[PDB]
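Student: I would like the atomic coordinates for the input below:
(chains A, B, C, D, E and F, ligands or ions: 6)
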Amino acid sequence: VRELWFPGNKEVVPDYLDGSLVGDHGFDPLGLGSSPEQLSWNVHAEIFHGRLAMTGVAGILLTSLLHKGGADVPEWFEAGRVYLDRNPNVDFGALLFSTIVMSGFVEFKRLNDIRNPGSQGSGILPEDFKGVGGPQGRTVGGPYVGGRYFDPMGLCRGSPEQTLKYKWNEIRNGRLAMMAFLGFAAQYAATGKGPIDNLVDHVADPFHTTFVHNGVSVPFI
Amino acid sequence: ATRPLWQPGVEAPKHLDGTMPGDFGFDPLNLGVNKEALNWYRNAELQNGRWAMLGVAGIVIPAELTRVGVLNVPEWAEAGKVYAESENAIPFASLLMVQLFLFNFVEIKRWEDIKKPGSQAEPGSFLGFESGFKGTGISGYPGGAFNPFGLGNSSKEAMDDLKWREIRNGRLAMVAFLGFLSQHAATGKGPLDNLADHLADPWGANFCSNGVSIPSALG
Amino acid sequence: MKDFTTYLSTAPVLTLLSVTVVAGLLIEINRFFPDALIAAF
Amino acid sequence: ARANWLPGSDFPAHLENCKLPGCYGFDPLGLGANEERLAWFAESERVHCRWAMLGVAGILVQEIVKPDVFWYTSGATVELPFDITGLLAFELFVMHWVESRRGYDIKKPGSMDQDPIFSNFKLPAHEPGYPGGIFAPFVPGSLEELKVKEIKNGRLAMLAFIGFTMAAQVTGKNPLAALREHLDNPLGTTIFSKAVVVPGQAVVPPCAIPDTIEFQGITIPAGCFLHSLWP
Amino acid sequence: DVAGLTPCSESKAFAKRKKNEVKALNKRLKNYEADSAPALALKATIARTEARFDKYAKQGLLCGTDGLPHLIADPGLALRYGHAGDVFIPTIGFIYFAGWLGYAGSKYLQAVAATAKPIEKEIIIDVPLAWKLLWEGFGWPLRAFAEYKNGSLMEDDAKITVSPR
Amino acid sequence: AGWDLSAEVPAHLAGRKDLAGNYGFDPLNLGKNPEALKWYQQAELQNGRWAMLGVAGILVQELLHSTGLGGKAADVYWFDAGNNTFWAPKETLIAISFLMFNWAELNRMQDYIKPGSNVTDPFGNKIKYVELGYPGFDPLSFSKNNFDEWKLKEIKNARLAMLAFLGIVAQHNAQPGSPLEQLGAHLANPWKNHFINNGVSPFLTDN
Ligand code: CLA
Ligand SMILES: CC(/C=C/C=C(C)/C=C/[C@@]12O[C@]1(C)C[C@@H](O)CC2(C)C)=C\C=C\C=C(C)\C=C\C=C(C)\C=C\[C@@]12O[C@]1(C)C[C@@H](O)CC2(C)C
Ligand SMILES: CC1=C[C@H](O)CC(C)(C)[C@H]1/C=C/C(C)=C/C=C/C(C)=C/C=C/C=C(C)/C=C/C=C(C)/C=C/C1=C(C)C[C@H](O)CC1(C)C
Ligand SMILES: CC1=C[C@H](O)CC(C)(C)[C@H]1/C=C/C(C)=C/C=C/C(C)=C/C=C/C=C(C)/C=C/C=C(C)/C=C/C1=C(C)C[C@H](O)CC1(C)C
Ligand SMILES: CC1=C[C@H](O)CC(C)(C)[C@H]1/C=C/C(C)=C/C=C/C(C)=C/C=C/C=C(C)/C=C/C=C(C)/C=C/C1=C(C)C[C@H](O)CC1(C)C
Ligand SMILES: CCCCCCCCCCCCO[C@@H]1O[C@H](CO)[C@@H](O[C@H]2O[C@H](CO)[C@@H](O)[C@H](O)[C@H]2O)[C@H](O)[C@H]1O
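Tutor: Numbering: from 1, shown residues only, chains lettered A, B, ... in the order given. Ligands and ions are numbered 1, 2, ... in the order given. Shown next is the protein structure:
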């Protein structure tokens, strides 16, 4: 049928993963999405995590590249402290409260859309914020929100093949970005340097600059 | 039915529907499930909103005038003490008892009106003034003596709009008074002073830096 | 997944989790606000 | 048609039967898949073409007439007859009027075709993005070939402007000055001669534009476009 | 002074107790280094002890002949002498939280009692329903008073089973 | 659509051709309710006429103060009229104004409640009523013909005067001198003096 996360072995592939979902490879050994509503919730969480990880990884990479060039851009693991230091008039609690409030407003809009697929496409919002659906055969709401604001270029409007290709691109890049952020955290905790720093130090000296020489992954070495 | 709700996408509870002014389907605690309890809470909301509106007006307008220069009055938290040290100042206990004695009569009469709207219109109750004590059918909206200018009497929809404006203003004033209390307790300054201090440096002057809202033990 | 969540909703599991959460909250309250003999507001 | 951006390839489905001028079937990302978006992008491309043509011509003429003035820093080194604030406000007001009229004409074809002051004058019927009438008092040749010429020249002008800004940020000289510098040593003045990256070392040309520029009493950033990303 | 009690601020026994506790802690601290873990722990304990004694003396607590704080459990007596936070306010706080938990449990039991299989709902709790009822239990005073004045908070004596005397 | 060729009339203003200066301008839909629009029309007429009188007075007084025609009373800024001394103090004048305005405004309100009712004076004199916001005080009989055109002129001049008064107050709170002095200071360059460099409106520029 479709490519699996483990060639052959159809027993490990769950029944609820029939291949209709984007990025479906039958991966669910722990059965964390056995329930239907749990599967829908996990789909929303996965796409949201992928987009958030892509944004964070892109920002971290760009800041690390700027820091290497000599710009007054701090590293990702110290950007918050640095900004708080150059701006002593900004209260940390105030910034946290503002972030929580604004994120709460948008997250509540998304949450209500999750509860009711097409309930936010009216009132104080146009029909564009109603969603186009997709997962679980839905035709409204979901993580894929079309419209003229979340898709100004209209890449998903016209030719379903292009829409499917872009959706696969998005999910694959999101998973890759999630793994990239995990690697960023592990590398910072082991070597204490940024991503670009680790990459340049490794390219300069391939052998002697692996995870075994950081002194953290392999303790006795 | 399809009127705006407090949380878009969430269906309003069946016990609220959409007839009372200010009905936005907001009842996460399901406090107004009982009809009698809902009616009592509606009357309580109207009373609290009107009293809060009067208090917030008497606290903001005099403060705004004082800031300009005309009409010099003390800050609302010190107004009670300022009058106490006056020469012919009435004792606090006597003043409070007189106010409570008058309020006892008026509030008990309003209480009887809540149980039965046409209660106070009983013939012979007063010296011919009971005729003007008949409500409009809903407790909390008594015409006659009250509403001497007859605003909103042109039609039923006109009165409904005014009721919505009254409920929104009352709720806003209630929240404003709670804010006044919290602001003065956290910062020993007036509302206008707090507003002016916040605009000067919003990121450095707010509830996160007053030292009271956020406990110092956590930090 | 449904059966697992149903098992987690059983009386013993919920009782232990609730007791653990309440105990943890009380421990942290006493850690940040220790020696609270009276209700000083 | 036979004119393709990639000979031997196949035009995209949405770009087939494309009547837009200068349509050579170039759309790898499929940005013109939607019909409405295609028209909006066509108007955007035409306006970009004309603006880039005007800008490139102006920069070249300014360099020829005044070779001692750097076009990149001309915004803060020209000595304005008026004031920068008043000039910006006047330009913003008139630009808002004209741009709003044009955009609304695109949204609704014949909505912005009547003179508001003189009721007797009205722009004749035309196609979106091509006003005509009083705007085109002289047409030397057929409209289709001239439209193709305009689109091609505009695309070339946009690429020319990008090359101008990049050469100014890398060499700090004017367009013709950089061209003369490249002519004096073609094998040493190319981007491959100044920049090169290898697994272990990277040579990035230094910025020829100051980090910050002082205008009037304030400071303006004006540095390099993603210098850290330069090869 | 309420019942022959002296404020802890002016109590000599209170100060002597604080001094003795700090003295014992310092005696134990003397057998360690200056920056070692036991030394830091003992110093933290000393700081906590001093802060506790200072807070008790500053809060206005009353101390007896033994030098230990005493609580006044009597409205009026505690309200006029500034001791409402000893038992009065804690009483209100408890009553509120206890009623909250009790009302939440009562509502959950009554809601699941209408289900076709209530015993299973009792051994296998409905987490979403329990969460909603726990949140609704915060308005327990208003709800309880409304139910009492409504007559739905009680069961008729003629409908409750009773022994044959 | 009159105020914007790309906009649409908010429906409640499409079938209302009897309103002076009806350009379909109501982006906030404040006049959707017929009663609300009826009250807003009277409010607009009152504000516009009062603004016309006030702006004309301020302009004439400042013109006489600058060129030099009025006595010591005119030789003063409009906002500084309190320094002048008249026949009665400020309190007496304010009280007299309150009483006279109470009488006139109550007559107008009675007419608003029931148009055509209050139209007779205590001495029996009567006038012909012609629409609500137009009581008929036309001693020159200028409304006999082209009434719609005349009221359109009135509404446009009223709106212009309202904007003029708002601008005068804003300029006074942001720029020094009289409105005519501000106009002259502007016309002096005028590429530098234009609220952008006043140091008050932008706020973000030079604090
Ligand atoms: C939090 C991020 C996240 C979330 C919510 C999901 C969610 C989902 N994934 Mg996905 N995945 C992710 C990250 C995520 N994934 C990453 C980073 C990769 C790259 C390795 C993949 C690769 C992948 C494949 C190949 C497939 C899926 C599939 C699915 C769907 C079915 C699986 C399921 O139901 O279990 C739900 C998953 C969770 C509830 C996450 C549980 C996390 C556990 C509890 C923590 C342990 C994680 C890790 C081992 C420990 C590191 C933590 C520590 C170091 C800090 C589901 C909607 C299948 C599918 O059909 O796609 C639609 C499928 O074929 N995923
Ligand atoms: C969201 C995310 C990262 C987002 C990062 C952000 C916003 C970073 C933000 C900032 O950096 C900037 C930009 C600037 C900095 O100065 C400050 C911060 C604030 C730091 C990563 C998620 C990262 C998420 C990851 C890595 C998830 C991995 C999950 C896996 C592998 C699960 C696999 C399985 O679950 C399945 C699928 C099926 C099951 O049955 C079996 C198992 C095996 C359990
Ligand atoms: C709805 C609901 C339902 C659901 O279900 C649940 C929940 C959530 C709970 C909810 C909510 C609620 C709320 C919010 C409440 C609040 C209230 C208030 C605030 C009130 C006030 C209220 C308020 C008020 C009355 C007030 C009043 C005031 C006053 C008189 C004042 C007075 C004064 C003055 C003048 C001056 C002087 O010098 C001082 C004084 C003496 C001070
Ligand atoms: C088509 C497509 C589709 C597919 O699918 C995908 C993709 C690939 C994405 C695509 C492509 C794209 C592209 C290529 C783009 C580009 C563009 C440009 C370049 C623009 C410019 C554009 C440009 C422009 C406008 C420019 C302009 C200019 C100007 C005005 C100038 C001005 C000036 C002058 C005169 C002089 C002075 O002293 C200075 C200044 C002021 C400076
Ligand atoms: C339409 C609409 C609708 C949509 O939907 C929305 C929106 C947009 C909101 C809108 C708009 C609105 C507006 C604009 C308004 C405004 C108004 C005004 C400005 C008024 C004034 C108004 C104004 C006024 C009355 C004024 C008046 C004045 C006066 C009397 C003056 C007096 C005087 C004089 C003679 C002289 C002296 O020495 C001083 C004095 C004593 C001071
Ligand atoms: C079948 C049984 C399992 C076979 C594989 C087991 C491998 C698992 C990890 C083994 C490493 C852990 O054991 C580790 O041994 C190394 C190698 O001697 C010791 O290392 C020591 O000797 C090495 C070289 O011999 C020196 O360079 C080093 O300075 C010294 O510390 C570590 O101190 C000890 O921690």
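
Student: Now residue D:36: closest residue in space, sequence neighbours ignored.
Tutor: In space, and not counting its chain neighbours, residue D:36 is closest to residue A:154: 7.3 Å by Cβ to Cβ, 6 or more residues apart in numbering or on different chains. No exception for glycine: its C-beta is placed from N, CA and C like everyone else's.

Student: Right, and chain E sits closest to which residue of chain A?
Tutor: Nearest to chain E, among the residues of chain A, is residue A:37, at 11.6 Å (Cβ to the nearest Cβ).

Student: Hmm, the residue nearest to residue D:36 is touching residue D:37, no?
Tutor: Yes: Residue A:154 is within contact range of residue D:37, at 4.3 Å (criterion: Cβ atoms under 8 Å).

Student: Whichever residue of chain E sits closest to ligand 2 and residue E:134: what is the separation?
Tutor: Nearest residue of chain E to ligand 2 (Cβ to the nearest ligand atom) works out as residue E:127 at 21.9 Å. Remark: distance between residue E:127 and residue E:134 (Cβ to Cβ, to the nearest Å) = 10 Å.

Student: Could you do residue B:91 as well?
Tutor: Taking Cβ to Cβ, one finds residue B:91 at 48 Å from residue E:134.

Student: what's the answer for residue A:37, then?
Tutor: 22 Å.

Student: what about those two, which has more around it?
Tutor: residue E:134 (16 against 11; other Cβ atoms under 10 Å in any protein chain shown).

Student: So that one: helix, strand or coil?
Tutor: What DSSP: H, G, I helix; E, B strand; the rest coil gives for residue E:134 is helix.

Student: Might one say that it is in contact with residue E:106?
Tutor: No: Residue E:134 is beyond contact range of residue E:106, at 11.8 Å (criterion: Cβ under 8 Å).

Student: just to revisit the earlier point, who touches the residue nearest to residue D:36 in this structure?
Tutor: Residues near residue A:154 by Cβ atoms under 8 Å, 6 or more residues apart in numbering or on different chains: A:148, D:33-34, D:36-37.

Student: residues near the residue nearest to residue D:163 when sequence neighbours are not counted, how many?
Tutor: Once flanking residues are discounted, residue D:163 sits nearest to residue D:175: 7.9 Å by Cβ to Cβ, 6+ apart. Using other Cβ under 10 Å, residue D:175 has 20 neighbouring residues.

Student: Show me which residues of the helix ranked longest in chain A are buried.
Tutor: Counting residues, the longest helix found in chain A (DSSP state H) is helix A:36-69. Using 16 or more other Cβ atoms under 10 Å in any protein chain shown as the test for burial, helix A:36-69 gives A:38-40, A:42-44, A:46-47, A:49-51, A:53-54, A:56-57, A:60-69.

Student: same thing with stretch D:130-150?
Tutor: For stretch D:130-150, a neighbour-count test (16+ other Cβ under 10 Å) marks D:131, D:147, D:150 as buried.

Student: List the contacts of the last one.
Tutor: Which is residue D:150. D:21, D:46, D:49-50.

Student: Residue D:173 too?
Tutor: Residues in contact with residue D:173 (Cβ under 8 Å, 6+ apart) are D:70, D:167, D:181, D:208.

Student: just the buried members of these?
Tutor: Applying 16+ other Cβ under 10 Å to the contacts of residue D:173 flags D:70, D:167 as buried.

Student: Would you format the contacts of residue D:173 as TSV with distance to residue B:17 and secondary structure included?
Tutor: Converted to TSV, these look like this (distance: Cβ to Cβ, whole Å; DSSP: H, G, I helix; E, B strand; the rest coil):
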residue	distance to residue B:17	secondary structure
D:70	72	coil
D:167	71	helix
D:181	80	helix
D:208	72	coil
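
Student: What is the most widely separated pair among the contacts of residue D:173?
Tutor: Within those, D:70 and D:181 form the most distant pair, 14.5 Å apart (Cβ to Cβ).

Student: can you pull the contacts of residue 162?
Tutor: Assuming you mean chain A. Neighbouring residues of residue A:162 by Cβ under 8 Å, 6+ apart: A:155-156, D:30, D:33.

Student: my bad, chain F
Tutor: If you count contacts by Cβ under 8 Å, 6+ apart, residue F:162 has them with F:47-48, F:51.

Student: Out of these, which end up buried?
Tutor: Among the contacts of residue F:162, those buried by neighbour count (16+ other Cβ under 10 Å) are F:48, F:51.

Student: about what we covered before: from the contacts of residue A:162, which is closest to residue D:123?
Tutor: Nearest to residue D:123 out of the contacts of residue A:162 is residue D:33 (Cβ to Cβ; 31.7 Å).

Student: in which helix or strand would I find the closest residue to that closest one other than its chain neighbours?
Tutor: Distance criterion Cβ to Cβ, 6+ apart; nearest residue to residue D:33, sequence neighbours excluded, is residue A:158 at 3.5 Å. For residue A:158, there is no host helix or strand (DSSP states H and E).

Student: distance of the residue nearest the centre of chain F from ligand 1?
Tutor: Residue closest to the average C-alpha location in chain F (Cα atoms, centre = their mean): residue F:51, at 2.1 Å. From residue F:51 across to ligand 1, the span is 62 Å (Cβ to the nearest ligand atom, to the nearest Å).

Student: how about that residue, what does it touch?
Tutor: Neighbour list for residue F:51: F:158, F:161-162, F:164-165 [criterion: Cβ under 8 Å, 6+ apart].

Student: Also residue E:84?
Tutor: If a contact means Cβ under 8 Å, 6+ apart, then residue E:84 has residue E:78 as its contacts.

Student: Residue D:131 now?
Tutor: D:105, D:123.

Student: which stretches of chain A form helices?
Tutor: Going by DSSP H, chain A shows helices at A:36-69, A:79-86, A:92-115, A:160-191, A:195-204.

Student: Dump the ones you listed into CSV; add distance to residue D:97 as well.
Tutor: Formatted as CSV, the helices of chain A follow (distance: least, Cβ to Cβ, whole Å):
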stretch, distance to residue D:97
helix A:36-69, 38
helix A:79-86, 41
helix A:92-115, 35
helix A:160-191, 38
helix A:195-204, 48
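
Student: Can you name the residue of chain B nearest to ligand 3?
Tutor: Closest to ligand 3 within chain B is residue B:55: 2.2 Å, counting by Cβ to the nearest ligand atom.
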